[PDB]
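Novice: Structure incoming, see below.
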Amino acid sequence: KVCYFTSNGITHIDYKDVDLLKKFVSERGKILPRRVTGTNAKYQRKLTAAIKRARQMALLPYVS
Amino acid sequence: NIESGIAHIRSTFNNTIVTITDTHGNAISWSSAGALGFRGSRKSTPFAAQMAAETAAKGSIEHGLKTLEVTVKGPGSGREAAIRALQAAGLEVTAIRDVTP
Amino acid sequence: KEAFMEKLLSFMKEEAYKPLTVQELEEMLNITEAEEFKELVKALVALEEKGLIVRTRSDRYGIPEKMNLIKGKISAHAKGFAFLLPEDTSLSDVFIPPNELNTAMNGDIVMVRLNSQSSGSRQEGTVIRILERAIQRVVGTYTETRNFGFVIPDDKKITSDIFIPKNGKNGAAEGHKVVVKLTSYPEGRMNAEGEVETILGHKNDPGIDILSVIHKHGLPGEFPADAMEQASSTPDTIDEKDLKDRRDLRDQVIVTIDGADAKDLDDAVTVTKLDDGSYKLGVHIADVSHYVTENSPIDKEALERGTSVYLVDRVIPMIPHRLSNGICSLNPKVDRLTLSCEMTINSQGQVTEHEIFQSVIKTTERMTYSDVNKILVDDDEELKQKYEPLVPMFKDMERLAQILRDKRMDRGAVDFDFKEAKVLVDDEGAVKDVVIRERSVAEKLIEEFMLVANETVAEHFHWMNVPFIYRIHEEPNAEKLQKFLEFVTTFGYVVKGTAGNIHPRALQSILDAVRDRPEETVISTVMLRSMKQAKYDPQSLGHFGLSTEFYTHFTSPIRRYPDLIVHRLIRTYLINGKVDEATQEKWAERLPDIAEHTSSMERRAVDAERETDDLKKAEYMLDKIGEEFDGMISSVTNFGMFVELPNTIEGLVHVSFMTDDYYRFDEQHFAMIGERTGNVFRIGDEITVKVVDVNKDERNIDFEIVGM
Amino acid sequence: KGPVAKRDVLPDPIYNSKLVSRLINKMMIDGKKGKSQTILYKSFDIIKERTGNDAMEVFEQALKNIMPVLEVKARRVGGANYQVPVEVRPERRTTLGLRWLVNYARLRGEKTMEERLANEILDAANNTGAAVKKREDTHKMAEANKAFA
RNA sequence: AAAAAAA
RNA sequence: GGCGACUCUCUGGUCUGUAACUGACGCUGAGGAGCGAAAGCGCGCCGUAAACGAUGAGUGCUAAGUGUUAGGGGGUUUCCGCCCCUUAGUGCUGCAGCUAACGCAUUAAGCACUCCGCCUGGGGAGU
C-alpha cells in the first residue's frame with residue numbers, strides 16, 4: 001500500500017491528466033479513500049482538488 | 001419508434017415501478033409489481049421486480065428499443081433483479097446510475 | 001385464467017416436465033401476447049395460493065407433488081440436524097430434523113417429504129424413506145463400554161457410535177484406530193452395527209492423523225504384488241531396441257523446469273526463435289505408455305488410482321516409485337523415451353505447424369522455477385554463468401510465453417490469482433513453516449507451453465474424429481451466476497452477458513476493472529462461488545476457463561491416468577495408424593467409464609490434499625494463541641465471520657465473539673450489519689484478529705474481533 | 001433427567017416369554033398374580049385346543065395386530081392443538097398391546113375370563129375384534145391429522 | 001468455502 | 001463562535017530553515033473598544049449564552065513508549081524505501097511529583113516566577 005505520487009517522484013497532480021486521476025476514482029466516480037489507494041495525506045488533498053476541477057470541466061463524471 | 005432510452009426503476013420497500021423512456025424523458029412504456037397483480041409482501045420481492053422490469057421491457061421492444069441507460073431510485077430489493085431482467089429481456093444496459101437521496 | 005391454469009397444470013403434470021421459470025414456461029407453452037402475459041401472472045398467484053404449483057427458491061415452478069420427492073443428497077449437520085442438496089441443485093436446502101431423519105447419514109440418498117409447516121426460513125424435509133445407502137464404511141477410535149465395544153466415528157457428523165461385537169474386535173482396544181465394514185445400520189432408536197477392518201494404530205500417534213485421513217477418504221495405498229513384480233521387471237536403462245523408430249533429440253538443448261521437490265519429471269522443453277519471428281517449441285513428455293502397457297498389472301492399478309495424490313507429508317503415486325522417479329522420470333543427463341509435440345508458433349500465438357512423434361531426449365539440465373525467474377526477471381549473472389548454454393533459450397521461452405498469454409487473454413480466458421499456499425513439513429510430519437505458492441514468470445512460462453501443447457493435441461484428435469478423452473470445463477451454473485451478476489451490480493458494473501450464455505471474456509473484463517479497488521476480493525470470491533469444476537469426458541465440450549473449444553491433458557502421464565490414456569490413443573491412432581472401426585468402437589466403449597472414474601478420483605484426491613493442508617495448518621498454529629494478526633475478511637456467513645490471514649489460513653468469528661453488537665448478514669450486499677452500535681463488516685476489508693481456538697482434530701481455527 | 005430403567009420381569013415359566021409374564025402382571029388384580037397365572041394358562045390351553053397351533057404362535061400374532069405404530073399426542077404451542085403423530089417406542093408398543101388386550105378381554109360377553117382372554121387373543125390373531133380395531137382407530141386418527149408431526 | 005493450471 | 005463543491009479577486013495568521021539586520025523593541029492587562037449562538041426581536045439592535053476541552057495568559061524546568069499532521073537535517077540507498085536525529089502541532093499509554101479521591105502527568109491538574117479574572121455554607125435570589 002504505497003503512495004503512487006511520492007513513489008513516482010510526482011510533485012504536482014494535474015486536473016487535465018484524466019487517466020492518471022482515473023486510477024483514483026470508482027466506476028461510479030466516488031473518490032477512493034486513502035486507506036484503499038494508500039495515498040499520502042498531502043497528495044490525497046492535491047488529488048481531490050484535481051478530481052473536482054476535472055469533474056467541473058466534464059473530464060471525469062459525478063458520483064453514481 | 002426509437003432505439004436508445006432510459007429505464008427509471010423505482011424499487012421502494014412497498015412496490016417496484018419500472019418506467020422506460022427515450023433520451024428526452026418521454027415515456028415509452030411502463031409496468032409495476034401492483035399492475036403485475038402482486039399484493040402486499042409480493043410487491044416488495046425481487047420476483048415482482050423482474051416481472052415489472054420485463055413487462056415494460058417487452059413493451060419497449062415492440063416500439064423497437066435495443067440499448068437502455070438505467071437509473072435507479074429507492075432502497076428496495078428489486079433493482080438487482082430488475083436490471084438483470086432488462087439484460088435477460090434482450091436490451092443491453094450501458095450506464096448504470098443510483099440516484100437515491 | 002381457469003383455462004390457462006388448467007392448461008399450465010396439464011403441461012406441468014406431463015412426466016417429462018422439469019422445473020421452469022416464468023420466462024421458460026411461456027416458451028414451451030408458448031406465449032407472445034402482451035395481454036396474455038398480463039394473464040399469466042395472476043394465474044401464477046392463484047395456482048401457488050391454492051397449492052397446485054410450488055415456487056422453487058430459484059424462481060422455478062413445479063407442482064408440490066413434483067418437488068415432494070426431492071430425493072436430494074443428505075447434507076447432515078455435525079450437531080444432529082440436517083439440510084439437503086436435491087437432484088437438480090437449483091432447489092434449496094430442505095431441513096431434515098433429528099426426530100424425522102429416520103436412519104439417514106451425511107451423504108446418503110433419500111426421498112425426503114415436505115411439511116405443511118415451517119418454524120423458520122427453511123422448507124421442512126422428512127426422511128419418509130432412504131432411496132439409497134451411502135457411507136458403506138467409517139473410520140474411528142474403538143472404545144470399550146459396558147462390557148461391550150463401540151467405535152466412535154472419526155467425524156462428528158455421524159452423531160451415533162457403531163456397535164462392535166467381539167467377533168469384530170480384531171485388535172481394536174482403547175486407543176487403536178480402525179475402519180469399520182458396517183455389517184448393519186441404525187433402526188429407529190438402535191445404532192449401526194459393524195466390525196473392525198484395518199488396525200491403523202493407536203489414535204494418538206504422529207502419522208495416524210495422515211493415515212486416519214488416508215483411510216477416511218478411501219485414498220489408494222500400497223502397490224499389489226503383480227504391479228510391484230511388473231515394476232521390478234521394468235528396465236532401469238533404455239534398451240537399444242527401444243531406440244528404433246524414435247527421433248534422436250539427445251544432442252539438442254532440452255531441459256526440465258519444475259519445483260524444487262519434484263522427482264516425477266513429466267515434461268521437457270526446448271524453444272528456438274526462427275528468422276521469420278515465429279518460435280519453434282519442442283514439448284517432450286515421458287513415454288509412460290511404453291513401460292505401462294495396456295491391461296498390465298500397473299495399468300489396472302493406475303486406472304484404480306486414477307491420479308497421483310500429494311498429501312502434505314507424502315505422495316501416493318499413480319504408478320510405482322521405481323518407474324515414476326526412475327525410468328519414466330526425465331532425470332538430468334540420460335537417454336529418455338518420450339512422446340514429443342513439436343510446434344511452430346507465429347507472432348499472434350497461432351500454431352502454424354505441429355508434429356506428434358516418438359523420441360528420445362538427453363536432459364541437458366534439471367532447472368527450478370526459482371532459478372529460471374532469477375535468470376529472466378532479476379537478471380542474475382551468477383545463475384546465468386552456471387547455466388550459460390540455456391540462457392539464450394530462456395529469453396526465447398519468455399517471449400513465446402508472453403505471446404501465448406496475450407493470445408490466451410485476448411481469446412477471453414479467465415485468470416484469477418487466488419494465492420495458493422504450500423505447507424512446509426519435515427520428514428517426521430512436523431509443520432515448521434507455511435508460505436504462499438507464488439506463481440511468478442517461470443511457472444507462468446511452463447503453464448502456457450503445456451496449455452498450447454494440450455490445445456494442439458486436443459485440436460488434432462477433434463479433427464481426426466476418433467474416440468478421444470478431453471479435459472472439459474462447462475459453462476458456469478446459471479443460478480449461481482445470476483446471483484453473481486446481481487452482486488456485481490451493487491457496485492455499478494454491467495457485465496455484457498446473460499446467466500445462460502456468458503462469454504468468458506466478460507468475466508475477465510470484471511476482474512480487470514476491479515483490480516486495486518474495494519470491490520476486488522468481494523467480486524472475485526462471488527465469481528468463484530458461481531464457477532463449477534472441470535472434468536474429463538469423451539466429448540469435446542470445450543474449456544470455459546481457458547476459453548478454448550479443444551482441450552485435453554497430455555503433459556503429465558506419470559501422475560494422471562487420462563494423460564496415460566491420451567498417450568496410448570496417440571500411439572494407437574498416429575504411430576500405429578490404427579483408425580479402423582473396431583479399434584474406435586473398443587475405445588468408444590472404454591473411455592466413458594475411465595473418464596467418469598478418473599474425474600471422481602481427481603475430486604477425491606483434491607479433497608484429501610485440502611483436508612491434510614487444513615489439518616497441518618492447524619498443527620502449525622497450535623502455538624498462535626493470543627497472537628494478533630492483520631488479516632482480511634474473506635467470507636461473511638450468517639453464523640459468524642471468516643478471516644484469511646495473509647498466509648491463506650482462515651478462521652471463524654461467530655456473534656459469540658462479535659461481543660459488542662448483534663450483527664446481521666445482508667446477502668444482497670455480502671456483509672455483516674450491526675445495529676445496537678451501528679457497525680459495518682463487508683468482505684475484503686483489512687482487519688485485525690487474534691487466535692483463540694485452534695482445535696486441530698476437527699480442523700477449526702477461531703478468531704475474535706480485535707478490530708478493523 | 002435420565003430414562004429410569006423398566007423393571008426386569010422374569011420369563012413366563014412354561015412359554016419362556018417375558019411378554020407372557022407381562023400379560024400376567026397386566027391381568028393381575030389386587031396383587032393376585034395367582035388368579036392371573038391360572039387364567040392365562042387356562043386361556044392358552046383354550047387357544048391350543050381350538051386352533052391346534054401353539055398359543056405362542058397365536059399370542060405373538062395377536063400382539064402384532066394390537067400393537068400400535070403411530071399415536072396421537074396433544075401439542076398446544078400458542079394455539080396449535082396439534083395431535084402430533086408420535087411413533088410408539090417398542091416397549092410402549094407391547095405396553096399398549098397388553099393393556100388393550102386385557103382391557104377389551106375383560107369387557108367381552110363371555111362368562112369366564114380364561115375364555116374372554118382366549119377369544120380376544122383368537123380375534124386379535126385373526127386381525128379382527130376390538131383390540132385390533134383400537135390400534136386401527138388411533139392410526140385412522142393419526143392418518144387424519146398426519147399433516148402436523 | 002475452496003477457479004483454472006501445476007506439484 | 002466557527003470554517004468543507006469549483007474558480008478567480010482581495011486579505012489575515014501560523015510553521016520550518018538560515019542568521020543578514022535591530023538590539024529587550026518584552027509579558028500580563030482593571031477600565032475601554034471590537035468580534036460574538038437557537039436567543040429575543042424589529043439587514044439593524046440586542047449580544048446574555050454546557051459562549052464549559054467543566055481547566056486564564058506568558059515563561060523556564062522535570063522519565064519514557066507509541067501514533068498522526070506540516071517542515072528540516074542525515075544515513076545508506078539510484079530517488080523511492082527503511083533507519084536515526086530534530087522543530088511545531090495533535091492523540092494514546094505511562095514515571096517522578098501532585099491529588100480528598102477520581103485522576104493529571106513535557107498539550108500538567110508537577111516544580112517555579114509575573115500579571116489578570118474569580119470564590120468564601122445552602123436557601124431566600126440572580127429576587
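Each chain in the C-alpha cells gets a letter, A, B, ..., in the order shown, and its residues are numbered from 1; ligands are numbered from 1 in order too.
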With only C-alpha atoms (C1' of nucleotides) as the counted atoms, please give the residues lying no more than 8 Å from region 26-43 of chain A, apart from itself and same-chain residues fewer than 5 positions off, as a PyMOL selection string.

Specialist: (chain A and resi 1-6+48+51+60-64) or (chain B and resi 97) or (chain C and resi 491-493+516-518)

Novice: For N, CA, C and O atoms, I'd like the residues from the last selection saved as a PDB file, in the first residue's frame.

Specialist:
```
ATOM      1  N   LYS A   1       0.865  -1.215   0.000  1.00  0.00           N
ATOM      2  CA  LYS A   1       0.000   0.000   0.000  1.00  0.00           C
ATOM      3  C   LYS A   1       0.886   1.244   0.000  1.00  0.00           C
ATOM      4  O   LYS A   1       1.222   1.756   1.069  1.00  0.00           O
ATOM      5  N   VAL A   2       1.251   1.703  -1.211  1.00  0.00           N
ATOM      6  CA  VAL A   2       2.218   2.774  -1.413  1.00  0.00           C
ATOM      7  C   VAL A   2       1.516   3.984  -2.027  1.00  0.00           C
ATOM      8  O   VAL A   2       0.579   3.825  -2.802  1.00  0.00           O
ATOM      9  N   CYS A   3       2.001   5.189  -1.688  1.00  0.00           N
ATOM     10  CA  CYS A   3       1.603   6.421  -2.358  1.00  0.00           C
ATOM     11  C   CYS A   3       2.203   6.440  -3.765  1.00  0.00           C
ATOM     12  O   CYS A   3       3.423   6.553  -3.896  1.00  0.00           O
ATOM     13  N   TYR A   4       1.331   6.346  -4.791  1.00  0.00           N
ATOM     14  CA  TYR A   4       1.714   6.475  -6.192  1.00  0.00           C
ATOM     15  C   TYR A   4       2.443   7.787  -6.509  1.00  0.00           C
ATOM     16  O   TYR A   4       3.321   7.804  -7.365  1.00  0.00           O
ATOM     17  N   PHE A   5       2.062   8.878  -5.841  1.00  0.00           N
ATOM     18  CA  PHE A   5       2.569  10.200  -6.161  1.00  0.00           C
ATOM     19  C   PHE A   5       3.983  10.387  -5.610  1.00  0.00           C
ATOM     20  O   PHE A   5       4.844  10.887  -6.330  1.00  0.00           O
ATOM     21  N   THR A   6       4.214  10.001  -4.347  1.00  0.00           N
ATOM     22  CA  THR A   6       5.557  10.006  -3.772  1.00  0.00           C
ATOM     23  C   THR A   6       6.411   9.014  -4.564  1.00  0.00           C
ATOM     24  O   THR A   6       7.467   9.410  -5.058  1.00  0.00           O
ATOM     25  N   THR A  48      -7.647  15.381  -4.653  1.00  0.00           N
ATOM     26  CA  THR A  48      -9.063  15.652  -4.556  1.00  0.00           C
ATOM     27  C   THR A  48      -9.453  16.974  -5.205  1.00  0.00           C
ATOM     28  O   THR A  48     -10.494  17.022  -5.871  1.00  0.00           O
ATOM     29  N   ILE A  51      -9.450  16.148  -8.892  1.00  0.00           N
ATOM     30  CA  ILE A  51     -10.621  15.407  -9.308  1.00  0.00           C
ATOM     31  C   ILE A  51     -11.810  16.355  -9.434  1.00  0.00           C
ATOM     32  O   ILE A  51     -12.559  16.251 -10.402  1.00  0.00           O
ATOM     33  N   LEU A  60     -13.985  14.032 -15.870  1.00  0.00           N
ATOM     34  CA  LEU A  60     -14.475  12.907 -15.086  1.00  0.00           C
ATOM     35  C   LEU A  60     -15.963  13.086 -14.824  1.00  0.00           C
ATOM     36  O   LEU A  60     -16.493  14.176 -15.024  1.00  0.00           O
ATOM     37  N   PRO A  61     -16.695  12.025 -14.425  1.00  0.00           N
ATOM     38  CA  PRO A  61     -18.122  12.158 -14.119  1.00  0.00           C
ATOM     39  C   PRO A  61     -18.362  12.560 -12.667  1.00  0.00           C
ATOM     40  O   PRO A  61     -17.431  12.569 -11.862  1.00  0.00           O
ATOM     41  N   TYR A  62     -19.627  12.833 -12.343  1.00  0.00           N
ATOM     42  CA  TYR A  62     -20.069  12.943 -10.963  1.00  0.00           C
ATOM     43  C   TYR A  62     -20.475  11.566 -10.434  1.00  0.00           C
ATOM     44  O   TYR A  62     -20.563  10.588 -11.180  1.00  0.00           O
ATOM     45  N   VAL A  63     -20.702  11.508  -9.116  1.00  0.00           N
ATOM     46  CA  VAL A  63     -20.881  10.247  -8.417  1.00  0.00           C
ATOM     47  C   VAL A  63     -22.161   9.586  -8.931  1.00  0.00           C
ATOM     48  O   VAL A  63     -23.058  10.285  -9.407  1.00  0.00           O
ATOM     49  N   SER A  64     -22.230   8.253  -8.765  1.00  0.00           N
ATOM     50  CA  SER A  64     -23.293   7.370  -9.246  1.00  0.00           C
ATOM     51  C   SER A  64     -24.261   8.076 -10.208  1.00  0.00           C
ATOM     52  O   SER A  64     -23.917   8.174 -11.418  1.00  0.00           O
TER      53      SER A  64
ATOM     54  N   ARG B  97     -26.943   3.999 -13.011  1.00  0.00           N
ATOM     55  CA  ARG B  97     -26.984   5.168 -12.144  1.00  0.00           C
ATOM     56  C   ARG B  97     -27.871   4.844 -10.942  1.00  0.00           C
ATOM     57  O   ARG B  97     -28.920   4.226 -11.121  1.00  0.00           O
TER      58      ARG B  97
ATOM     59  N   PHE C 491     -22.228  -2.613  -7.135  1.00  0.00           N
ATOM     60  CA  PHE C 491     -21.082  -1.721  -7.286  1.00  0.00           C
ATOM     61  C   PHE C 491     -21.180  -0.841  -8.527  1.00  0.00           C
ATOM     62  O   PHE C 491     -20.342   0.043  -8.687  1.00  0.00           O
ATOM     63  N   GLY C 492     -22.174  -1.091  -9.391  1.00  0.00           N
ATOM     64  CA  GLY C 492     -22.447  -0.260 -10.552  1.00  0.00           C
ATOM     65  C   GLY C 492     -21.893  -0.817 -11.870  1.00  0.00           C
ATOM     66  O   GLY C 492     -21.976  -0.151 -12.905  1.00  0.00           O
ATOM     67  N   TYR C 493     -21.310  -2.028 -11.828  1.00  0.00           N
ATOM     68  CA  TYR C 493     -20.796  -2.690 -13.015  1.00  0.00           C
ATOM     69  C   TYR C 493     -21.952  -3.244 -13.842  1.00  0.00           C
ATOM     70  O   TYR C 493     -23.038  -3.501 -13.314  1.00  0.00           O
ATOM     71  N   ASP C 516      -7.254  -3.500  -7.866  1.00  0.00           N
ATOM     72  CA  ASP C 516      -6.886  -2.432  -6.940  1.00  0.00           C
ATOM     73  C   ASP C 516      -8.084  -1.513  -6.676  1.00  0.00           C
ATOM     74  O   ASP C 516      -8.109  -0.371  -7.136  1.00  0.00           O
ATOM     75  N   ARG C 517      -9.058  -2.029  -5.909  1.00  0.00           N
ATOM     76  CA  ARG C 517     -10.282  -1.317  -5.547  1.00  0.00           C
ATOM     77  C   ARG C 517     -10.859  -1.961  -4.278  1.00  0.00           C
ATOM     78  O   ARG C 517     -10.354  -2.992  -3.826  1.00  0.00           O
ATOM     79  N   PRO C 518     -11.924  -1.391  -3.653  1.00  0.00           N
ATOM     80  CA  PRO C 518     -12.615  -2.071  -2.545  1.00  0.00           C
ATOM     81  C   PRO C 518     -13.632  -3.148  -2.941  1.00  0.00           C
ATOM     82  O   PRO C 518     -14.265  -3.738  -2.064  1.00  0.00           O
TER      83      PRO C 518
END
```

Novice: Any idea what's packed within 9 Å of residue 521 (chain C), counting only C-alpha atoms (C1' of nucleotides), ignoring anything in its chain fewer than 3 positions away? Could you give it as a ChimeraX atom specification?

Specialist: /C:514,517-518,524-526,634,683-685

Novice: Near chain A, which residues of chain B fall within 9 Å when you count only C-alpha atoms, and what do they look like as a PyMOL selection string?

Specialist: chain B and resi 96-99

Novice: Starting from chain B, keep only residues with some atom at most 9 Å from an atom of chain C, counting only C-alpha atoms, and report them as a PyMOL selection string.

Specialist: chain B and resi 35-38+47+51+55+58-59+77+79-81+83-84+87-88+90+92-98

Novice: May I have the selected residues written with N, CA and C atoms, as a PDB file, in the first residue's frame?

Specialist:
```pdb
ATOM      1  N   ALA B  35     -49.404  -3.511 -10.861  1.00  0.00           N
ATOM      2  CA  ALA B  35     -50.001  -3.791 -12.167  1.00  0.00           C
ATOM      3  C   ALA B  35     -49.723  -5.229 -12.627  1.00  0.00           C
ATOM      4  N   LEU B  36     -48.715  -5.886 -12.025  1.00  0.00           N
ATOM      5  CA  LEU B  36     -48.472  -7.317 -12.189  1.00  0.00           C
ATOM      6  C   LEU B  36     -49.403  -8.173 -11.319  1.00  0.00           C
ATOM      7  N   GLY B  37     -50.302  -7.556 -10.532  1.00  0.00           N
ATOM      8  CA  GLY B  37     -51.263  -8.285  -9.718  1.00  0.00           C
ATOM      9  C   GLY B  37     -50.701  -8.786  -8.388  1.00  0.00           C
ATOM     10  N   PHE B  38     -49.423  -8.486  -8.086  1.00  0.00           N
ATOM     11  CA  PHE B  38     -48.837  -8.787  -6.788  1.00  0.00           C
ATOM     12  C   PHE B  38     -49.382  -7.812  -5.747  1.00  0.00           C
ATOM     13  N   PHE B  47     -38.833 -10.915  -7.197  1.00  0.00           N
ATOM     14  CA  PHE B  47     -39.595 -11.621  -8.217  1.00  0.00           C
ATOM     15  C   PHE B  47     -40.488 -10.635  -8.968  1.00  0.00           C
ATOM     16  N   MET B  51     -40.589  -9.155 -12.946  1.00  0.00           N
ATOM     17  CA  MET B  51     -41.846  -9.230 -13.676  1.00  0.00           C
ATOM     18  C   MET B  51     -42.126  -7.877 -14.332  1.00  0.00           C
ATOM     19  N   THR B  55     -41.986  -6.830 -18.220  1.00  0.00           N
ATOM     20  CA  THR B  55     -43.291  -6.438 -18.744  1.00  0.00           C
ATOM     21  C   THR B  55     -43.198  -5.116 -19.507  1.00  0.00           C
ATOM     22  N   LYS B  58     -40.459  -5.664 -22.629  1.00  0.00           N
ATOM     23  CA  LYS B  58     -41.082  -6.286 -23.793  1.00  0.00           C
ATOM     24  C   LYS B  58     -42.034  -5.311 -24.489  1.00  0.00           C
ATOM     25  N   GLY B  59     -42.688  -4.429 -23.714  1.00  0.00           N
ATOM     26  CA  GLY B  59     -43.437  -3.301 -24.254  1.00  0.00           C
ATOM     27  C   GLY B  59     -42.573  -2.306 -25.038  1.00  0.00           C
ATOM     28  N   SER B  77     -35.393  -3.991  -2.713  1.00  0.00           N
ATOM     29  CA  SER B  77     -34.565  -5.136  -3.071  1.00  0.00           C
ATOM     30  C   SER B  77     -34.674  -5.492  -4.564  1.00  0.00           C
ATOM     31  N   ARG B  79     -33.970  -3.633  -7.534  1.00  0.00           N
ATOM     32  CA  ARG B  79     -33.129  -3.061  -8.586  1.00  0.00           C
ATOM     33  C   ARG B  79     -32.221  -4.131  -9.200  1.00  0.00           C
ATOM     34  N   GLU B  80     -31.692  -5.023  -8.344  1.00  0.00           N
ATOM     35  CA  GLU B  80     -30.695  -6.015  -8.718  1.00  0.00           C
ATOM     36  C   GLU B  80     -31.300  -6.926  -9.778  1.00  0.00           C
ATOM     37  N   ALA B  81     -32.434  -7.531  -9.414  1.00  0.00           N
ATOM     38  CA  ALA B  81     -33.161  -8.414 -10.301  1.00  0.00           C
ATOM     39  C   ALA B  81     -33.646  -7.644 -11.527  1.00  0.00           C
ATOM     40  N   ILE B  83     -32.619  -4.997 -13.128  1.00  0.00           N
ATOM     41  CA  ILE B  83     -31.581  -4.631 -14.088  1.00  0.00           C
ATOM     42  C   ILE B  83     -31.095  -5.853 -14.869  1.00  0.00           C
ATOM     43  N   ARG B  84     -30.899  -6.976 -14.174  1.00  0.00           N
ATOM     44  CA  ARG B  84     -30.608  -8.239 -14.835  1.00  0.00           C
ATOM     45  C   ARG B  84     -31.731  -8.604 -15.804  1.00  0.00           C
ATOM     46  N   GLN B  87     -31.397  -6.945 -19.047  1.00  0.00           N
ATOM     47  CA  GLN B  87     -30.415  -7.682 -19.839  1.00  0.00           C
ATOM     48  C   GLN B  87     -30.954  -9.028 -20.334  1.00  0.00           C
ATOM     49  N   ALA B  88     -31.772  -9.708 -19.509  1.00  0.00           N
ATOM     50  CA  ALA B  88     -32.357 -11.009 -19.834  1.00  0.00           C
ATOM     51  C   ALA B  88     -33.519 -10.897 -20.828  1.00  0.00           C
ATOM     52  N   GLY B  90     -33.320  -8.907 -23.361  1.00  0.00           N
ATOM     53  CA  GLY B  90     -32.610  -8.726 -24.622  1.00  0.00           C
ATOM     54  C   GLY B  90     -31.881  -7.381 -24.703  1.00  0.00           C
ATOM     55  N   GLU B  92     -29.536  -4.368 -24.023  1.00  0.00           N
ATOM     56  CA  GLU B  92     -28.201  -4.205 -23.448  1.00  0.00           C
ATOM     57  C   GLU B  92     -28.146  -2.938 -22.589  1.00  0.00           C
ATOM     58  N   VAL B  93     -27.601  -3.073 -21.370  1.00  0.00           N
ATOM     59  CA  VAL B  93     -27.518  -1.994 -20.395  1.00  0.00           C
ATOM     60  C   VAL B  93     -26.121  -1.380 -20.508  1.00  0.00           C
ATOM     61  N   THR B  94     -26.033  -0.038 -20.554  1.00  0.00           N
ATOM     62  CA  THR B  94     -24.760   0.677 -20.618  1.00  0.00           C
ATOM     63  C   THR B  94     -24.483   1.317 -19.256  1.00  0.00           C
ATOM     64  N   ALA B  95     -24.811   2.610 -19.104  1.00  0.00           N
ATOM     65  CA  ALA B  95     -24.520   3.351 -17.887  1.00  0.00           C
ATOM     66  C   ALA B  95     -25.553   2.976 -16.826  1.00  0.00           C
ATOM     67  N   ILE B  96     -25.084   2.473 -15.673  1.00  0.00           N
ATOM     68  CA  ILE B  96     -25.941   2.351 -14.501  1.00  0.00           C
ATOM     69  C   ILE B  96     -25.868   3.676 -13.740  1.00  0.00           C
ATOM     70  N   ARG B  97     -26.943   3.999 -13.011  1.00  0.00           N
ATOM     71  CA  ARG B  97     -26.984   5.168 -12.144  1.00  0.00           C
ATOM     72  C   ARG B  97     -27.871   4.844 -10.942  1.00  0.00           C
ATOM     73  N   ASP B  98     -27.416   5.227  -9.735  1.00  0.00           N
ATOM     74  CA  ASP B  98     -28.184   5.104  -8.498  1.00  0.00           C
ATOM     75  C   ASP B  98     -28.413   6.519  -7.955  1.00  0.00           C
TER      76      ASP B  98
END
```

Novice: Counting only C-alpha atoms (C1' of nucleotides), which residues of chain A come no farther than 9 Å from chain F, as a CSV table (one decimal) with C-alpha atoms, in the first residue's frame?

Specialist:
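Result file iface_27.csv:
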```
chain,number,residue,atom,x,y,z
A,6,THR,CA,5.6,10.0,-3.8
A,7,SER,CA,6.7,6.7,-5.2
A,8,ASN,CA,7.0,8.0,-8.8
A,9,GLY,CA,8.5,11.4,-7.8
A,41,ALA,CA,-2.5,12.7,3.1
A,49,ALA,CA,-8.9,19.3,-5.8
A,52,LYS,CA,-13.2,18.1,-8.5
A,53,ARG,CA,-11.6,20.5,-11.1
A,55,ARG,CA,-15.4,17.0,-12.7
A,56,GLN,CA,-16.3,20.7,-13.3
```

Novice: Distance CA of residue 382 (chain C)-CA of residue 440 (chain C), one decimal place?

Specialist: 20.0 Å

Novice: If I take CA of residue 653 (chain C) and CA of residue 622 (chain C), how far is one from the other in Å, to one decimal?

Specialist: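 These atoms are spaced 17.7 Å apart.
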
Novice: Write out as a PyMOL selection string each polymer residue whose atoms come within 12 Å of residue 46 (chain D), counting only C-alpha atoms (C1' of nucleotides); drop sequence neighbours fewer than 5 positions from it.

Specialist: chain D and resi 39-41+51-55+58+112-122
